[PDB]
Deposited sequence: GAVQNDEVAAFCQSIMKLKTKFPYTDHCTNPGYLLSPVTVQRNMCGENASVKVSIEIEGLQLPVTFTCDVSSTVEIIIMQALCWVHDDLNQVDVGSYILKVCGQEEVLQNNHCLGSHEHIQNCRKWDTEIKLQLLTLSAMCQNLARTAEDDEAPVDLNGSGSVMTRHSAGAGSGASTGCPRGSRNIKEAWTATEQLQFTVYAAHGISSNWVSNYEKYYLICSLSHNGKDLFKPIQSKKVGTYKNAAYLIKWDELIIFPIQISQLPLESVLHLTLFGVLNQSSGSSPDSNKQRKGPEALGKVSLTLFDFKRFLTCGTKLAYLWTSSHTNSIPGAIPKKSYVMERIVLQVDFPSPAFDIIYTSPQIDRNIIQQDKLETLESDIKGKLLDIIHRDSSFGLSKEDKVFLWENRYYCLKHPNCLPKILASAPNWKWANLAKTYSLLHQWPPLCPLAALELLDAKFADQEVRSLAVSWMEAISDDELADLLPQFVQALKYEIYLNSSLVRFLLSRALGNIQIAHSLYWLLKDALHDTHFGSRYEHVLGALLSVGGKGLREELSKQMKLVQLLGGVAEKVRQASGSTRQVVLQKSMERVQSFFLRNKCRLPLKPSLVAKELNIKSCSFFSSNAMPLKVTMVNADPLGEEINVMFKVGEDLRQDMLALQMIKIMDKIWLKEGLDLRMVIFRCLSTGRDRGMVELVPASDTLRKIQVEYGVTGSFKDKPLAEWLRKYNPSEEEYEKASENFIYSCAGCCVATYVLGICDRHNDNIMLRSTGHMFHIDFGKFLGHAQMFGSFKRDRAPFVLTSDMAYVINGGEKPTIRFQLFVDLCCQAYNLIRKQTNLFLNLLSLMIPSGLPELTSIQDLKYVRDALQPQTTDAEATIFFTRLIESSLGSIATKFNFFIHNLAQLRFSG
């Protein structure tokens, strides 16, 4: 049946492939699209063929890339009628990414970065023919097949009790036989991620006589449930325990779906695989009658429910209070029961559907008809709201598929920064083929960035003990449907990272003197690689490295010695590529913190608030290793303070003098100090809301332009000053020892941004919830989310929330807070 599920998946993906022909350029562009985030004049320089100097001109940020292309065309051509405006595109110099014509110049992320750093905006005008499209799919790609490397009784008429005999575990290890004397299983039955009944424990039995590799229970297990009472998505969990010989110690876990991908109840012997990480086979024998049991969903209920009593005796106000509540998190039982009665009065508010669904009394087969009738007349949800319908608490195929149908309204650009949570949501689909995985694969088909990011996220997801096989099939489908070009580039990137990681290991394994000469020798391997391959940068695949710059490659001195890898651009119009490669730390936590910060930045920009945040990249390439973006011309606060100490003129001047050294002009220092004010406000809000703690001087970094950012996120969602404002940071903000209206601006910015994040409390809780199953040390349960919820204070109004955050700023000032009038 599993092989049949794989085959059905493959053939469905063949269908999906037909939906994306290689001829269609917008689905198959062959190149990365320059990212856009929706949100004056700036100077752009555009290189044009046949001109020795690029044309530099002032463009409106609001103007679209299409008309900017035409403006450059107008520079070189006095009449644009003869030339074709079509078949002309703009790329970033040095980066193999194409600006999107319909979108505004200001909306492009590269433009926004250059504006913040005051970097020269450098573009190239070229035809589609000149653009590198080596990633594009071929006719060979479209034609190739997909490779990932009798009577019937309806279930509602099925009286039999769910039962099965746990037979045996086969292939147990020597050290297992050494360490434990008996074994037993805990059997749980669940739906929507919750137990339907209390778990039943097997008897404790030792290894079978004459068969040490075998544990034989041969034990029947009967649940107090009836086949007709089992939801379609019912899952049986079997956890193995060993008792030590000298508490019980968990050895592994298995899951079995109670109905297969064709809705047939599992019957007969089914084998399951427990990975010690070594494969143990577990045998579960299910009843096998002379007939097949099929699940049949209930009969459709059709109603137009509109024209009902609106007594509204304070009850409408109670309903709106529940509707306009922040999230489903913590919703009272009584509130649940009456949101469920008055669910048909909430159609006017679509994004409250999860709450309603979370307040269903049960998912018994009978009530399913009315639930589905409501779902199919429900208004479309915001994609972001619809995420919640893909978490574990909603297993129902109808709910989830219709959530994905609402989700299909999301842009690729917005989707890309959300990909990790989707990769995780795959875990709550019990079948291989599902609307969610098809949605992800189709989005990857049409967008090279989506495909690339999915690839790396699936490679991390593989290391899951329980879900590794599912992710292996998903990754195989992705690599198969991506095409030959995409695949070979991904293989080059995989080889590059593996080589870099080897170099990292060797650098830490050597000591002192040796460590500097081993780096040059280890790197010769890499340079051989570059001799035979041009390879795209895994952190930003728009950058192509032709060759390693050995002499600029070094190592940072830290607990884990990171590698400063400098490579030369394949494009002479580009800059040299600088990344850090770190091994020995789980970068997935850092990535989550960075993603949360970035999403706050997006939320702020959506309401027009620009806190000038440094948004840098981090990629977990393999287990406990990866590439991190390097921010140029920036230091930790430690370093600034110690360098200043050599002079030691004042505790309040170290940040000021540093910024003044890199910004000598009075206008320049004011510009850099304003950058500090805004970025500091953003960092303070992000620190308090994410529970970022241990913000020591090393953790804080400051850019020469004046922007403040965070680098190490070891304390994430930690519990207990919320943030710390030292005297020299107050000096930069005020511009003087005494307080100025610039500090009031700082406070205003903090409180404004804080309230903007509170408005999106549901989004943030959902994103962290969906990362729960990924297995980071500080995000294991819903209480970890309750910390963030409490930090966001949803019940309070914006006014009292401002009061609260302002008191936080005073506590952060601490001893020097005497000098301020709130």
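>> From the N-terminus onward, what segments of the deposited sequence lack any C-alpha atom in this model?
In response: According to the record, the gaps fall at 1-2, 42-48, 159-183, 281-293, 325-341, 370-371, 787-796, 899-910.
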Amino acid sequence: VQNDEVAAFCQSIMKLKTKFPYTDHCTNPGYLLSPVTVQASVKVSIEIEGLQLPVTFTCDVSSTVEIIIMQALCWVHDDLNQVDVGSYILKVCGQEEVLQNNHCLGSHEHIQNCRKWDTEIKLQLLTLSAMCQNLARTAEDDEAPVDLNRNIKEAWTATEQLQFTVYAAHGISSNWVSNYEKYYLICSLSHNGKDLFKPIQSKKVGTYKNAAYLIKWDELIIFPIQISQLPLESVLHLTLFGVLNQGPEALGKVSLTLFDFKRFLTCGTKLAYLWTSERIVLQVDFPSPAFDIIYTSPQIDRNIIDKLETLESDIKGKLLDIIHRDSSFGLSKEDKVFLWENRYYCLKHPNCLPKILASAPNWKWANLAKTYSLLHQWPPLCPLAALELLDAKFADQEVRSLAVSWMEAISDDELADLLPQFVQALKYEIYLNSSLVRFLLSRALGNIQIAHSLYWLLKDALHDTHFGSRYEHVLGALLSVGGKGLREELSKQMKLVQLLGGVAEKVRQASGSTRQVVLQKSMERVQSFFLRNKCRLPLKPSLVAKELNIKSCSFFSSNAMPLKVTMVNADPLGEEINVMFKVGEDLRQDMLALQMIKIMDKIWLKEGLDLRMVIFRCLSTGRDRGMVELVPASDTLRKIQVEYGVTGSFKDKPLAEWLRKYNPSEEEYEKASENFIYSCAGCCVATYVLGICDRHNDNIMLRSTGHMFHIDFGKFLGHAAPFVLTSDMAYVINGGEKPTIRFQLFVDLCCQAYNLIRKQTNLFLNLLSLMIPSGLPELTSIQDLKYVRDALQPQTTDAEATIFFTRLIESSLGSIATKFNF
From here on, numbers count along this sequence of modelled residues.
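Take the two forms, superpose them, and find the largest set of C-alpha atoms that agree within 1.5 Å; that set is the rigid core.
>> Which segment is farther from the shown form on average in 5 other deposited structures of this protein after a rigid core fit, 690-698 or 590-598, going by CA atoms?
In response: Higher average C-alpha offset in 5 other deposited structures of this protein goes to 690-698.
>> Between 307-315 and 502-510, which has its CA atoms farther from the current form in 5 other deposited structures of this protein, using a rigid core superposition?
In response: With the rigid core fitted, 307-315 is the stretch that strays more in 5 other deposited structures of this protein.
>> Of the other PDB entries for this protein whose models extend past residue 277 on both sides, does at least a third leave it without coordinates?
In response: Looking at the other entries that model residues on either side of it, residue 277 is missing from at least a third.
>> Comparing average C-alpha B factors as deposited, tell me which of 595-603 and 288-296 sits higher.
In response: The deposited B-factors put 288-296 ahead on the C-alpha mean.
> For the stretches 190-198 and 372-380, which has the higher mean C-alpha B-factor as given in the deposited record?
Replying inline: Taking the mean B-factor of the alpha carbons in each, 372-380 is higher.
> At the C-alpha atoms, which of 398, 260, 417, 488 reaches the highest B-factor in this entry?
Replying inline: In this record, 488 carries the highest C-alpha B-factor of the candidates.
> For the listed residues 512, 706, 632, 268, which one has the largest C-alpha B-factor as given in the deposited model?
Replying inline: Max CA B-factor in the entry, restricted to 512, 706, 632, 268: 512.
> Where does residue 35 sit by CA temperature factor within its chain: lowest, middle or highest third?
Replying inline: Answer is lowest: the recorded C-alpha B-factor places it there.
>> When the deposited Cα B-factors of this chain's modelled residues are ordered and cut into thirds, is residue 48 in the lowest, the middle or the highest one?
In response: Answer is middle: the recorded C-alpha B-factor places it there.
> Among the chain's modelled residues, which third holds the C-alpha B-factor of residue 581?
Replying inline: Middle third, going by the recorded CA B-factors of the chain.
> Mind checking which third residue 412 falls in for C-alpha B-factor across the chain?
Replying inline: CA B-factor rank for residue 412: lowest third.
>> Quick check for you: using the entry's CA B-factors within this chain, is residue 404 in the lowest, middle or highest third?
In response: For residue 404, the deposited C-alpha B-factor lands in the lowest third.
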